[PDB]
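Here's the structure, in structure tokens; my notes come after.
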2 protein chains.
Amino acid sequence: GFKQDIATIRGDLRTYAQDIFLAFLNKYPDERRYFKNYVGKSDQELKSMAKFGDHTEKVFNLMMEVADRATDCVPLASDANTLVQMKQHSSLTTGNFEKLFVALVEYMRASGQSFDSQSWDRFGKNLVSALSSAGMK
Amino acid sequence: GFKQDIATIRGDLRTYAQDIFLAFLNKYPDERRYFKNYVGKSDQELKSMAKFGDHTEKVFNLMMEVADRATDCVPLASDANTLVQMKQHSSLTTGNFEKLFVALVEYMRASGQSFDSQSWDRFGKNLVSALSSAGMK
Ligand code: HEM
Ligand code: HEM
Ligand SMILES: Oc1ccc(I)cc1
Ligand SMILES: Oc1ccc(I)cc1
């Protein structure tokens, strides 16, 4: 289930993080406008950029912590507040997060691993609801 | 064949019981709802809970007794009845049992080991038939 999925991702985090983030960017190419220097590059080009791996790993490090601190796929209010208040997230709306979790869930469903994709969908929705409660537009 | 598979499983009953049960919960995550104590725990956390190892082994011990008492993968009517009348199974249907056997068969096929998976599938089918006759919804 969900808790074991956290351990699974953590066991091979950089690989999962890059693959999920690439799934997100490829499904939603216009989301690249939030990032510098990602446009005009193939998956393999991005994976060789030193910033790409390091930053995607940091995102998913924190995403896994938020998932881990959750109860029944409900994140902590303080974790949601952190995500809203981060300067790097100042221009974002909940829709950006919805798209990320659509891509993540689709990746899990298409994978050869036994992810509890429904729980990740629930977590994504609960996170969006928490982001809204915390004041994200 | 089937008789040897019983010997293989019995030889390391705790490991097989835990592995097959987790394969079941992973393939059918909604089934975890029946095990309120296992909700939101990692596989490793589960393995450290006395009742997880104890009760899972006891489940598979009984499964092996039913298996061994069968003739050509046809279980005894009395064994089917035991499973239906158990208080712990009061809210279950034959669908819960088919799911378990689907996961068990997939586990066997995915292992490198020479399980008689076809026989286990047939045993599952025959047991489900016997459960319905014994009154299971
Ligand atoms: C639960 C989901 C998310 C988590 C846990 C998260 C977390 C983080 C973290 C920890 C960083 C710092 C990375 C670093 O400095 O190396 C970061 C940066 C950033 N994030 Fe988020 N983030 C999430 C979702 C999103 C989404 C959906 C977007 C936009 C579609 C986004 C846009 C950005 C941007 C533009 C930066 C700074 C630029 C960059 O790192 O390349 N984040 N995020
Ligand atoms: C042939 C298949 C099965 C056998 C032989 C079997 C046998 C057993 C046994 C011996 C116990 C008592 C364990 C103990 O208290 O130590 C038990 C309990 C229980 N079983 Fe079944 N079972 C089977 C299938 C299922 C299925 C498919 C479900 C539903 C997903 C289920 C749900 C439960 C629950 C909720 C308990 C109570 C918790 C526990 O004491 O383990 N069982 N079963
Ligand atoms: O650097 C990154 C990578 C992925 C995400 I989602 C946000 C920022
Ligand atoms: O305690 C348990 C474990 C596995 C099963 I299947 C039923 C009850």
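In the structure tokens, each chain is lettered A, B, ... as it comes, each chain's residues begin at 1, and ligands are numbered from 1 in order of appearance.
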Non-local contacts of segment 43-54 of chain A (8 Å; only C-alpha atoms; under 2 positions in same chain excluded) as a short mmCIF file (atom, residue, chain, number, x, y, z; two decimals) with C-alpha atoms, in the first residue's frame:
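So the final result, stored in selection_25.cif, reads:
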```
data_model
loop_
_atom_site.label_atom_id
_atom_site.label_comp_id
_atom_site.auth_asym_id
_atom_site.auth_seq_id
_atom_site.Cartn_x
_atom_site.Cartn_y
_atom_site.Cartn_z
CA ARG A 14 16.64 9.68 -8.02
CA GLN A 18 13.37 11.91 -12.56
CA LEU A 22 9.71 13.77 -16.85
CA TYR A 38 14.37 22.86 -19.36
CA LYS A 41 15.67 19.27 -24.34
CA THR A 56 14.18 16.75 -8.76
CA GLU A 57 15.60 14.56 -6.01
CA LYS A 58 15.15 17.37 -3.48
#
```
Go through the chains and note each residue within 12 Å of ligand 4, using only C-alpha atoms and all ligand atoms, then give the set as a PDB file with N, CA, C and O atoms, in the first residue's frame.
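Result file follows (selection_37.pdb):
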```
ATOM      1  N   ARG B  14       6.466 -19.309   7.417  1.00  0.00           N
ATOM      2  CA  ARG B  14       6.394 -17.865   7.811  1.00  0.00           C
ATOM      3  C   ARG B  14       6.761 -16.911   6.668  1.00  0.00           C
ATOM      4  O   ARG B  14       6.081 -15.901   6.457  1.00  0.00           O
ATOM      5  N   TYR B  16       6.831 -17.610   3.237  1.00  0.00           N
ATOM      6  CA  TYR B  16       5.847 -17.732   2.152  1.00  0.00           C
ATOM      7  C   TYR B  16       4.513 -17.104   2.531  1.00  0.00           C
ATOM      8  O   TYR B  16       3.909 -16.383   1.720  1.00  0.00           O
ATOM      9  N   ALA B  17       4.071 -17.357   3.762  1.00  0.00           N
ATOM     10  CA  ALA B  17       2.800 -16.816   4.245  1.00  0.00           C
ATOM     11  C   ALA B  17       2.811 -15.293   4.199  1.00  0.00           C
ATOM     12  O   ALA B  17       1.861 -14.675   3.709  1.00  0.00           O
ATOM     13  N   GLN B  18       3.903 -14.693   4.671  1.00  0.00           N
ATOM     14  CA  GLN B  18       4.019 -13.237   4.684  1.00  0.00           C
ATOM     15  C   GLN B  18       4.133 -12.668   3.274  1.00  0.00           C
ATOM     16  O   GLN B  18       3.494 -11.654   2.970  1.00  0.00           O
ATOM     17  N   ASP B  19       4.917 -13.332   2.419  1.00  0.00           N
ATOM     18  CA  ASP B  19       5.143 -12.872   1.043  1.00  0.00           C
ATOM     19  C   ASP B  19       3.876 -12.929   0.195  1.00  0.00           C
ATOM     20  O   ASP B  19       3.595 -11.999  -0.577  1.00  0.00           O
ATOM     21  N   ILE B  20       3.132 -14.024   0.322  1.00  0.00           N
ATOM     22  CA  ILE B  20       1.903 -14.190  -0.442  1.00  0.00           C
ATOM     23  C   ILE B  20       0.813 -13.244   0.071  1.00  0.00           C
ATOM     24  O   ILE B  20       0.080 -12.631  -0.722  1.00  0.00           O
ATOM     25  N   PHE B  21       0.722 -13.098   1.389  1.00  0.00           N
ATOM     26  CA  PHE B  21      -0.243 -12.159   1.958  1.00  0.00           C
ATOM     27  C   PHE B  21       0.023 -10.724   1.498  1.00  0.00           C
ATOM     28  O   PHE B  21      -0.899 -10.015   1.113  1.00  0.00           O
ATOM     29  N   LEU B  22       1.286 -10.309   1.527  1.00  0.00           N
ATOM     30  CA  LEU B  22       1.655  -8.981   1.040  1.00  0.00           C
ATOM     31  C   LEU B  22       1.407  -8.827  -0.458  1.00  0.00           C
ATOM     32  O   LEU B  22       0.991  -7.764  -0.909  1.00  0.00           O
ATOM     33  N   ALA B  23       1.642  -9.888  -1.230  1.00  0.00           N
ATOM     34  CA  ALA B  23       1.343  -9.850  -2.670  1.00  0.00           C
ATOM     35  C   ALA B  23      -0.158  -9.636  -2.897  1.00  0.00           C
ATOM     36  O   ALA B  23      -0.563  -8.889  -3.797  1.00  0.00           O
ATOM     37  N   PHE B  24      -0.963 -10.268  -2.043  1.00  0.00           N
ATOM     38  CA  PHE B  24      -2.429 -10.128  -2.040  1.00  0.00           C
ATOM     39  C   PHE B  24      -2.846  -8.683  -1.756  1.00  0.00           C
ATOM     40  O   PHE B  24      -3.568  -8.066  -2.551  1.00  0.00           O
ATOM     41  N   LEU B  25      -2.362  -8.137  -0.643  1.00  0.00           N
ATOM     42  CA  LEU B  25      -2.653  -6.747  -0.287  1.00  0.00           C
ATOM     43  C   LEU B  25      -2.154  -5.733  -1.324  1.00  0.00           C
ATOM     44  O   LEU B  25      -2.787  -4.688  -1.526  1.00  0.00           O
ATOM     45  N   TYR B  28      -4.460  -6.096  -4.425  1.00  0.00           N
ATOM     46  CA  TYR B  28      -5.810  -5.675  -4.035  1.00  0.00           C
ATOM     47  C   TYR B  28      -5.805  -4.807  -2.766  1.00  0.00           C
ATOM     48  O   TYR B  28      -6.235  -5.256  -1.700  1.00  0.00           O
ATOM     49  N   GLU B  31      -8.448  -4.545   0.076  1.00  0.00           N
ATOM     50  CA  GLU B  31      -8.581  -5.653   1.021  1.00  0.00           C
ATOM     51  C   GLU B  31      -7.915  -5.389   2.377  1.00  0.00           C
ATOM     52  O   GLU B  31      -8.234  -6.067   3.358  1.00  0.00           O
ATOM     53  N   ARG B  32      -6.994  -4.426   2.443  1.00  0.00           N
ATOM     54  CA  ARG B  32      -6.355  -4.102   3.726  1.00  0.00           C
ATOM     55  C   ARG B  32      -7.366  -3.639   4.789  1.00  0.00           C
ATOM     56  O   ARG B  32      -7.108  -3.778   5.997  1.00  0.00           O
ATOM     57  N   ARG B  33      -8.520  -3.133   4.333  1.00  0.00           N
ATOM     58  CA  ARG B  33      -9.576  -2.624   5.217  1.00  0.00           C
ATOM     59  C   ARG B  33     -10.043  -3.654   6.248  1.00  0.00           C
ATOM     60  O   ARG B  33     -10.558  -3.297   7.309  1.00  0.00           O
ATOM     61  N   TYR B  34      -9.874  -4.933   5.920  1.00  0.00           N
ATOM     62  CA  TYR B  34     -10.291  -6.025   6.801  1.00  0.00           C
ATOM     63  C   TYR B  34      -9.319  -6.251   7.953  1.00  0.00           C
ATOM     64  O   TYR B  34      -9.614  -6.997   8.889  1.00  0.00           O
ATOM     65  N   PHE B  35      -8.161  -5.605   7.867  1.00  0.00           N
ATOM     66  CA  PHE B  35      -7.075  -5.803   8.807  1.00  0.00           C
ATOM     67  C   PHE B  35      -6.681  -4.445   9.368  1.00  0.00           C
ATOM     68  O   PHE B  35      -5.666  -3.860   8.965  1.00  0.00           O
ATOM     69  N   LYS B  36      -7.502  -3.948  10.293  1.00  0.00           N
ATOM     70  CA  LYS B  36      -7.415  -2.558  10.730  1.00  0.00           C
ATOM     71  C   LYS B  36      -6.063  -2.204  11.347  1.00  0.00           C
ATOM     72  O   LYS B  36      -5.620  -1.059  11.246  1.00  0.00           O
ATOM     73  N   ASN B  37      -5.414  -3.206  11.943  1.00  0.00           N
ATOM     74  CA  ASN B  37      -4.100  -3.081  12.578  1.00  0.00           C
ATOM     75  C   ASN B  37      -2.933  -2.947  11.593  1.00  0.00           C
ATOM     76  O   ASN B  37      -1.816  -2.560  11.975  1.00  0.00           O
ATOM     77  N   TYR B  38      -3.186  -3.291  10.328  1.00  0.00           N
ATOM     78  CA  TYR B  38      -2.147  -3.285   9.285  1.00  0.00           C
ATOM     79  C   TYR B  38      -2.175  -2.031   8.411  1.00  0.00           C
ATOM     80  O   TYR B  38      -1.243  -1.787   7.633  1.00  0.00           O
ATOM     81  N   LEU B  46       5.186  -4.162   9.683  1.00  0.00           N
ATOM     82  CA  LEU B  46       4.285  -5.303   9.815  1.00  0.00           C
ATOM     83  C   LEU B  46       5.008  -6.542  10.333  1.00  0.00           C
ATOM     84  O   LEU B  46       4.526  -7.200  11.247  1.00  0.00           O
ATOM     85  N   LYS B  47       6.179  -6.824   9.767  1.00  0.00           N
ATOM     86  CA  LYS B  47       6.999  -7.985  10.140  1.00  0.00           C
ATOM     87  C   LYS B  47       7.452  -7.959  11.606  1.00  0.00           C
ATOM     88  O   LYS B  47       7.851  -8.990  12.158  1.00  0.00           O
ATOM     89  N   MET B  49       5.423  -6.782  14.037  1.00  0.00           N
ATOM     90  CA  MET B  49       4.221  -6.885  14.854  1.00  0.00           C
ATOM     91  C   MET B  49       3.891  -8.358  15.086  1.00  0.00           C
ATOM     92  O   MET B  49       3.656  -9.103  14.130  1.00  0.00           O
ATOM     93  N   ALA B  50       3.899  -8.772  16.355  1.00  0.00           N
ATOM     94  CA  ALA B  50       3.712 -10.184  16.726  1.00  0.00           C
ATOM     95  C   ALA B  50       2.586 -10.863  15.947  1.00  0.00           C
ATOM     96  O   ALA B  50       2.790 -11.926  15.348  1.00  0.00           O
ATOM     97  N   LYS B  51       1.408 -10.245  15.948  1.00  0.00           N
ATOM     98  CA  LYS B  51       0.224 -10.840  15.326  1.00  0.00           C
ATOM     99  C   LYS B  51       0.274 -10.924  13.805  1.00  0.00           C
ATOM    100  O   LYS B  51      -0.377 -11.786  13.223  1.00  0.00           O
ATOM    101  N   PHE B  52       1.043 -10.056  13.154  1.00  0.00           N
ATOM    102  CA  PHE B  52       1.183 -10.155  11.696  1.00  0.00           C
ATOM    103  C   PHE B  52       1.828 -11.485  11.292  1.00  0.00           C
ATOM    104  O   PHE B  52       1.239 -12.255  10.545  1.00  0.00           O
ATOM    105  N   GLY B  53       3.020 -11.766  11.807  1.00  0.00           N
ATOM    106  CA  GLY B  53       3.662 -13.044  11.544  1.00  0.00           C
ATOM    107  C   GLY B  53       2.849 -14.232  12.039  1.00  0.00           C
ATOM    108  O   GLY B  53       2.693 -15.229  11.323  1.00  0.00           O
ATOM    109  N   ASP B  54       2.325 -14.128  13.260  1.00  0.00           N
ATOM    110  CA  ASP B  54       1.596 -15.231  13.898  1.00  0.00           C
ATOM    111  C   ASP B  54       0.304 -15.582  13.154  1.00  0.00           C
ATOM    112  O   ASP B  54       0.084 -16.740  12.787  1.00  0.00           O
ATOM    113  N   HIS B  55      -0.542 -14.580  12.925  1.00  0.00           N
ATOM    114  CA  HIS B  55      -1.826 -14.839  12.288  1.00  0.00           C
ATOM    115  C   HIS B  55      -1.678 -15.200  10.806  1.00  0.00           C
ATOM    116  O   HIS B  55      -2.390 -16.082  10.322  1.00  0.00           O
ATOM    117  N   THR B  56      -0.733 -14.567  10.100  1.00  0.00           N
ATOM    118  CA  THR B  56      -0.489 -14.893   8.684  1.00  0.00           C
ATOM    119  C   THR B  56      -0.015 -16.330   8.527  1.00  0.00           C
ATOM    120  O   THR B  56      -0.474 -17.050   7.634  1.00  0.00           O
ATOM    121  N   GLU B  57       0.904 -16.759   9.398  1.00  0.00           N
ATOM    122  CA  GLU B  57       1.344 -18.157   9.350  1.00  0.00           C
ATOM    123  C   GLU B  57       0.180 -19.116   9.628  1.00  0.00           C
ATOM    124  O   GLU B  57       0.045 -20.149   8.957  1.00  0.00           O
ATOM    125  N   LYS B  58      -0.659 -18.769  10.604  1.00  0.00           N
ATOM    126  CA  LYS B  58      -1.809 -19.600  10.971  1.00  0.00           C
ATOM    127  C   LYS B  58      -2.825 -19.726   9.840  1.00  0.00           C
ATOM    128  O   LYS B  58      -3.376 -20.804   9.623  1.00  0.00           O
ATOM    129  N   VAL B  59      -3.044 -18.629   9.114  1.00  0.00           N
ATOM    130  CA  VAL B  59      -3.856 -18.659   7.895  1.00  0.00           C
ATOM    131  C   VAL B  59      -3.297 -19.690   6.910  1.00  0.00           C
ATOM    132  O   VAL B  59      -4.015 -20.582   6.437  1.00  0.00           O
ATOM    133  N   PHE B  60      -2.008 -19.576   6.616  1.00  0.00           N
ATOM    134  CA  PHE B  60      -1.409 -20.426   5.594  1.00  0.00           C
ATOM    135  C   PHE B  60      -1.189 -21.850   6.059  1.00  0.00           C
ATOM    136  O   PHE B  60      -1.210 -22.764   5.242  1.00  0.00           O
ATOM    137  N   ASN B  61      -1.022 -22.044   7.369  1.00  0.00           N
ATOM    138  CA  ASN B  61      -1.036 -23.396   7.923  1.00  0.00           C
ATOM    139  C   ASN B  61      -2.361 -24.106   7.622  1.00  0.00           C
ATOM    140  O   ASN B  61      -2.373 -25.236   7.121  1.00  0.00           O
ATOM    141  N   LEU B  62      -3.474 -23.444   7.932  1.00  0.00           N
ATOM    142  CA  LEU B  62      -4.782 -23.996   7.612  1.00  0.00           C
ATOM    143  C   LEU B  62      -4.941 -24.199   6.108  1.00  0.00           C
ATOM    144  O   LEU B  62      -5.455 -25.223   5.695  1.00  0.00           O
ATOM    145  N   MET B  63      -4.503 -23.234   5.294  1.00  0.00           N
ATOM    146  CA  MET B  63      -4.558 -23.426   3.844  1.00  0.00           C
ATOM    147  C   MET B  63      -3.822 -24.705   3.418  1.00  0.00           C
ATOM    148  O   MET B  63      -4.314 -25.450   2.571  1.00  0.00           O
ATOM    149  N   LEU B  83     -14.199 -22.713   6.927  1.00  0.00           N
ATOM    150  CA  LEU B  83     -13.826 -21.376   6.466  1.00  0.00           C
ATOM    151  C   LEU B  83     -15.021 -20.423   6.411  1.00  0.00           C
ATOM    152  O   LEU B  83     -14.895 -19.221   6.681  1.00  0.00           O
ATOM    153  N   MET B  86     -16.232 -19.654  10.361  1.00  0.00           N
ATOM    154  CA  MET B  86     -15.321 -18.841  11.183  1.00  0.00           C
ATOM    155  C   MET B  86     -15.855 -17.421  11.368  1.00  0.00           C
ATOM    156  O   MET B  86     -16.177 -16.749  10.380  1.00  0.00           O
ATOM    157  N   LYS B  87     -15.939 -16.969  12.624  1.00  0.00           N
ATOM    158  CA  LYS B  87     -16.434 -15.623  12.932  1.00  0.00           C
ATOM    159  C   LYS B  87     -15.621 -14.539  12.223  1.00  0.00           C
ATOM    160  O   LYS B  87     -16.175 -13.523  11.800  1.00  0.00           O
ATOM    161  N   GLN B  88     -14.310 -14.759  12.085  1.00  0.00           N
ATOM    162  CA  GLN B  88     -13.423 -13.794  11.418  1.00  0.00           C
ATOM    163  C   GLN B  88     -13.751 -13.627   9.932  1.00  0.00           C
ATOM    164  O   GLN B  88     -13.333 -12.651   9.305  1.00  0.00           O
ATOM    165  N   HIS B  89     -14.502 -14.579   9.384  1.00  0.00           N
ATOM    166  CA  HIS B  89     -14.902 -14.549   7.980  1.00  0.00           C
ATOM    167  C   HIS B  89     -16.379 -14.192   7.755  1.00  0.00           C
ATOM    168  O   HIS B  89     -16.877 -14.360   6.639  1.00  0.00           O
ATOM    169  N   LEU B  92     -17.206 -11.800   4.779  1.00  0.00           N
ATOM    170  CA  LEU B  92     -16.548 -12.094   3.498  1.00  0.00           C
ATOM    171  C   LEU B  92     -17.464 -12.740   2.473  1.00  0.00           C
ATOM    172  O   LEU B  92     -18.513 -13.298   2.811  1.00  0.00           O
ATOM    173  N   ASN B  96     -13.555 -12.370  -2.159  1.00  0.00           N
ATOM    174  CA  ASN B  96     -12.343 -12.171  -1.337  1.00  0.00           C
ATOM    175  C   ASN B  96     -11.357 -13.316  -1.512  1.00  0.00           C
ATOM    176  O   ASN B  96     -10.136 -13.105  -1.581  1.00  0.00           O
ATOM    177  N   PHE B  97     -11.905 -14.527  -1.589  1.00  0.00           N
ATOM    178  CA  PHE B  97     -11.109 -15.736  -1.739  1.00  0.00           C
ATOM    179  C   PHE B  97     -10.538 -15.861  -3.152  1.00  0.00           C
ATOM    180  O   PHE B  97      -9.369 -16.233  -3.311  1.00  0.00           O
ATOM    181  N   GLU B  98     -11.327 -15.512  -4.170  1.00  0.00           N
ATOM    182  CA  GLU B  98     -10.789 -15.573  -5.530  1.00  0.00           C
ATOM    183  C   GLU B  98      -9.625 -14.600  -5.674  1.00  0.00           C
ATOM    184  O   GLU B  98      -8.596 -14.974  -6.246  1.00  0.00           O
ATOM    185  N   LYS B  99      -9.764 -13.389  -5.123  1.00  0.00           N
ATOM    186  CA  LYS B  99      -8.692 -12.396  -5.151  1.00  0.00           C
ATOM    187  C   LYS B  99      -7.414 -12.952  -4.527  1.00  0.00           C
ATOM    188  O   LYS B  99      -6.343 -12.832  -5.100  1.00  0.00           O
ATOM    189  N   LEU B 100      -7.542 -13.581  -3.358  1.00  0.00           N
ATOM    190  CA  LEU B 100      -6.390 -14.192  -2.695  1.00  0.00           C
ATOM    191  C   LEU B 100      -5.684 -15.216  -3.595  1.00  0.00           C
ATOM    192  O   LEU B 100      -4.453 -15.207  -3.731  1.00  0.00           O
ATOM    193  N   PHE B 101      -6.469 -16.095  -4.213  1.00  0.00           N
ATOM    194  CA  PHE B 101      -5.900 -17.107  -5.087  1.00  0.00           C
ATOM    195  C   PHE B 101      -5.334 -16.535  -6.387  1.00  0.00           C
ATOM    196  O   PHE B 101      -4.319 -17.013  -6.865  1.00  0.00           O
ATOM    197  N   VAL B 102      -5.963 -15.503  -6.940  1.00  0.00           N
ATOM    198  CA  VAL B 102      -5.358 -14.791  -8.074  1.00  0.00           C
ATOM    199  C   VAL B 102      -3.948 -14.290  -7.706  1.00  0.00           C
ATOM    200  O   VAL B 102      -2.986 -14.527  -8.446  1.00  0.00           O
ATOM    201  N   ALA B 103      -3.826 -13.630  -6.554  1.00  0.00           N
ATOM    202  CA  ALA B 103      -2.533 -13.103  -6.104  1.00  0.00           C
ATOM    203  C   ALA B 103      -1.522 -14.216  -5.794  1.00  0.00           C
ATOM    204  O   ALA B 103      -0.334 -14.089  -6.102  1.00  0.00           O
ATOM    205  N   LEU B 104      -2.002 -15.292  -5.179  1.00  0.00           N
ATOM    206  CA  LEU B 104      -1.165 -16.443  -4.854  1.00  0.00           C
ATOM    207  C   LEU B 104      -0.584 -17.070  -6.131  1.00  0.00           C
ATOM    208  O   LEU B 104       0.618 -17.337  -6.216  1.00  0.00           O
TER     209      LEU B 104
END
```
Specify as a PyMOL selection string all residues of chain A found within 7 Å of chain B, counting only C-alpha atoms.
chain A and resi 1+3-4+72+114+116
With chain B laid on chain A by least squares, using all C-alpha atoms in order, how large is the RMSD?
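Answer to one decimal place: 0.6 Å.
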Excluding residue 133 of chain B and its own-chain neighbours fewer than 5 positions away, which residues fall within 9 Å of it when counting only C-alpha atoms? Please give them as a PyMOL selection string.
chain B and resi 77+80-81+128
Residues just named, written with N, CA and C atoms as a compact mmCIF listing (two decimals), in the first residue's frame:
```txt
# COMPACT_ATOMS: atom_id res chain seq x y z
N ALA B 77 -15.54 -30.94 1.68
CA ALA B 77 -16.70 -30.13 2.04
C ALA B 77 -16.61 -29.59 3.47
N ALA B 80 -14.19 -26.57 3.63
CA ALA B 80 -14.93 -25.42 3.11
C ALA B 80 -15.86 -24.84 4.17
N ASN B 81 -16.58 -25.72 4.87
CA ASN B 81 -17.52 -25.30 5.90
C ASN B 81 -16.83 -24.55 7.05
N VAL B 128 -13.45 -22.12 -4.03
CA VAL B 128 -14.48 -21.09 -4.16
C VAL B 128 -15.85 -21.74 -4.38
```
Rounded to one decimal, what separation in Å do you get between atom 26 (C, counted along the ligand's line) of ligand 2 and atom CA of residue 15 of chain B?
18.0 Å
Give me, please, the distance in Å between atom 16 (O, counted along the ligand's line) of ligand 1 and atom CA of residue 136 of chain A, quoted to one decimal.
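Interatomic distance, atom 16 (O, counted along the ligand's line) of ligand 1 to atom CA of residue 136 of chain A: 21.1 Å.
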With DSSP run on the backbone, what are the alpha helix (DSSP H) residues within segment 34-92 of chain A? I'd like them as a short mmCIF file (atom, residue, chain, number, x, y, z; two decimals) with N, CA and C atoms, in the first residue's frame.
```cif
data_model
loop_
_atom_site.label_atom_id
_atom_site.label_comp_id
_atom_site.auth_asym_id
_atom_site.auth_seq_id
_atom_site.Cartn_x
_atom_site.Cartn_y
_atom_site.Cartn_z
N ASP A 43 14.50 13.97 -22.76
CA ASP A 43 14.66 13.33 -21.46
C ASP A 43 16.13 13.09 -21.12
N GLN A 44 16.89 12.49 -22.04
CA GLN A 44 18.29 12.16 -21.74
C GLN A 44 19.17 13.41 -21.55
N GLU A 45 18.87 14.47 -22.30
CA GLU A 45 19.54 15.77 -22.13
C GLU A 45 19.29 16.36 -20.75
N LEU A 46 18.03 16.32 -20.31
CA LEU A 46 17.68 16.81 -18.97
C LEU A 46 18.39 16.02 -17.88
N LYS A 47 18.45 14.69 -18.04
CA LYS A 47 19.03 13.80 -17.03
C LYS A 47 20.55 13.97 -16.89
N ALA A 50 23.32 18.86 -14.56
CA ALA A 50 23.61 18.59 -13.14
C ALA A 50 22.52 19.10 -12.18
N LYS A 51 21.88 20.20 -12.54
CA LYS A 51 20.79 20.79 -11.76
C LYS A 51 19.54 19.90 -11.74
N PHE A 52 19.23 19.29 -12.89
CA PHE A 52 17.99 18.53 -13.06
C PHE A 52 17.86 17.39 -12.04
N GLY A 53 18.88 16.54 -11.94
CA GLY A 53 18.84 15.42 -11.01
C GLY A 53 18.80 15.88 -9.56
N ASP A 54 19.66 16.83 -9.22
CA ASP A 54 19.78 17.30 -7.84
C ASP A 54 18.47 17.92 -7.35
N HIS A 55 17.88 18.79 -8.16
CA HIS A 55 16.67 19.50 -7.77
C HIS A 55 15.42 18.60 -7.75
N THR A 56 15.31 17.69 -8.73
CA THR A 56 14.18 16.75 -8.76
C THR A 56 14.23 15.81 -7.57
N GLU A 57 15.44 15.38 -7.20
CA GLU A 57 15.60 14.56 -6.01
C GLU A 57 15.15 15.31 -4.76
N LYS A 58 15.54 16.59 -4.64
CA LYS A 58 15.15 17.37 -3.48
C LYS A 58 13.63 17.53 -3.36
N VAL A 59 12.97 17.75 -4.49
CA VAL A 59 11.51 17.82 -4.53
C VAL A 59 10.90 16.52 -3.99
N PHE A 60 11.36 15.38 -4.52
CA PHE A 60 10.78 14.10 -4.14
C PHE A 60 11.20 13.63 -2.74
N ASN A 61 12.40 14.00 -2.30
CA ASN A 61 12.76 13.86 -0.87
C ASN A 61 11.67 14.45 0.02
N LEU A 62 11.28 15.69 -0.27
CA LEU A 62 10.30 16.37 0.55
C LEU A 62 8.91 15.78 0.32
N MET A 63 8.59 15.45 -0.92
CA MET A 63 7.28 14.82 -1.20
C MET A 63 7.10 13.52 -0.40
N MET A 64 8.16 12.71 -0.33
CA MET A 64 8.09 11.47 0.45
C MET A 64 7.95 11.70 1.96
N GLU A 65 8.60 12.74 2.48
CA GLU A 65 8.45 13.12 3.88
C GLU A 65 7.01 13.53 4.17
N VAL A 66 6.44 14.34 3.28
CA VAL A 66 5.06 14.81 3.42
C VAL A 66 4.10 13.60 3.41
N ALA A 67 4.33 12.68 2.47
CA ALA A 67 3.57 11.44 2.40
C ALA A 67 3.72 10.63 3.69
N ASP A 68 4.95 10.57 4.22
CA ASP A 68 5.27 9.77 5.41
C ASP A 68 4.65 10.36 6.68
N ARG A 69 4.60 11.68 6.76
CA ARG A 69 4.00 12.37 7.91
C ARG A 69 2.46 12.39 7.86
N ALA A 77 -1.17 19.88 8.01
CA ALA A 77 -1.40 21.29 7.69
C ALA A 77 -0.09 22.09 7.61
N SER A 78 0.86 21.78 8.49
CA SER A 78 2.15 22.48 8.49
C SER A 78 2.98 22.19 7.23
N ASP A 79 2.87 20.96 6.72
CA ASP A 79 3.54 20.61 5.46
C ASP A 79 2.93 21.35 4.28
N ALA A 80 1.59 21.44 4.27
CA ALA A 80 0.90 22.21 3.24
C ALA A 80 1.30 23.69 3.34
N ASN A 81 1.34 24.22 4.56
CA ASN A 81 1.74 25.61 4.74
C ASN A 81 3.16 25.87 4.21
N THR A 82 4.09 24.95 4.49
CA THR A 82 5.46 25.06 3.98
C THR A 82 5.49 25.18 2.45
N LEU A 83 4.71 24.34 1.78
CA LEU A 83 4.66 24.32 0.31
C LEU A 83 4.05 25.59 -0.28
N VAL A 84 3.07 26.17 0.41
CA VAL A 84 2.45 27.42 -0.05
C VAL A 84 3.40 28.60 0.12
N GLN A 85 4.14 28.60 1.23
CA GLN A 85 4.96 29.75 1.63
C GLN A 85 6.36 29.78 1.03
#
```
Residue nearest ligand 2 - candidates B:7, B:134, B:123, B:111, atoms counted: only C-alpha atoms and all ligand atoms
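Answer, going by the shortest atom-to-atom distance: B:123.
The two atoms in question, atom CA of residue 131 of chain B and atom CA of residue 75 of chain B, are spaced 10.0 Å apart.
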